[PDB]
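Asker: Here's a sequence, model it:
(one chain, ligands or ions: 2)
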Amino acid sequence: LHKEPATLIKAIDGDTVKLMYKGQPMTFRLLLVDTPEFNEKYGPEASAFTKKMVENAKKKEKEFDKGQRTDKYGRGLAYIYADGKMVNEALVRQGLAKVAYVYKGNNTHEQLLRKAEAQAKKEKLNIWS
Ligand SMILES: Cc1cn([C@H]2C[C@H](OP(=O)(O)O)[C@@H](COP(=O)(O)O)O2)c(=O)[nH]c1=O
Ligand SMILES: [Ca+2]
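Answerer: Residues are numbered from 1 along each chain as shown. Ligands and ions are numbered 1, 2, ... in the order given. Structure as follows:
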């Protein structure tokens with residue numbers, strides 16, 4: 001896979017961000033993770049984490065996987081990076097997202113994220129507390 005520039009319009013919540021992609025405003029859904037909804041426990045916290053990680057990065061990037069690049073709702077599907085740190089991974093590592101929605105052919109970082117999730121579980125962080 002490779003990274004490409006992401007043009008942030010705005011944070012949305014723990015696992016969705018609004019990007020300008022080829023001049024179209026699109027919701028992007030983070031691959032391989034599930035954050036709580038905003039008003040569920042850990043929701044505000046996941047939102048805030050994703051929001052600050054992406055907003056504060058000088059270098060914002062996205063990375064499509066090998067399979068589908070949009071979902072059935074027209075949302076983009078990508079891994080998002082903030083100064084070369086993957087947001088998807090960091091959410092999972094901090095126990096603010098579960099590994100989720102793992103579909104074959106769009107699952108390149110699956111093992112990386114499962115490693116992160118096991119350590120968040122070991123540490124009893126957030127979702128796993
Ligand atoms: C992350 C992801 C979600 N989705 C779909 C599955 C779920 O559809 P159903 O809505 O029909 O249950 C929905 C979950 O999104 P949210 O967790 O953003 O609600 O998005 C994909 O199709 N591909 C993906 O990679
Ligand atoms: Ca969610």
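Asker: Quick check: residues of the chain near ligand 1?
Answerer: When proximity is defined as C-beta under 6 Å from any ligand atom, the chain approaches ligand 1 at 29, 31, 34, 71, 72, 77, 101, 103, 106. All C-beta spots, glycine's among them, are computed from the backbone N, C-alpha and C.
Asker: ok, residues contacting the helix or strand where the first one lies?
Answerer: Counting by DSSP states H and E, the element that carries residue 29 is strand 24-30. Applying C-beta atoms under 8 Å, 6 or more residues apart in numbering, the external contacts of strand 24-30 come out as 6, 9, 12, 15-21, 50, 62, 71, 73-80, 87-88, 91, 97.
Asker: Show me which of the residues you listed are buried.
Answerer: 6, 12, 15-19, 21, 50, 62, 71, 76-80, 87-88, 91, 97 (16 or more other C-beta atoms under 10 Å).
Asker: taking those one by one, which sit in strands?
Answerer: 12, 16, 17, 18, 19, 21, 62, 76, 77, 78, 79, 80 (DSSP state E).
Asker: dump the residue contacts of the second one.
Answerer: The neighbours of residue 16, taking C-beta under 8 Å, 6+ apart as the test, are 27, 28, 29, 30, 75.
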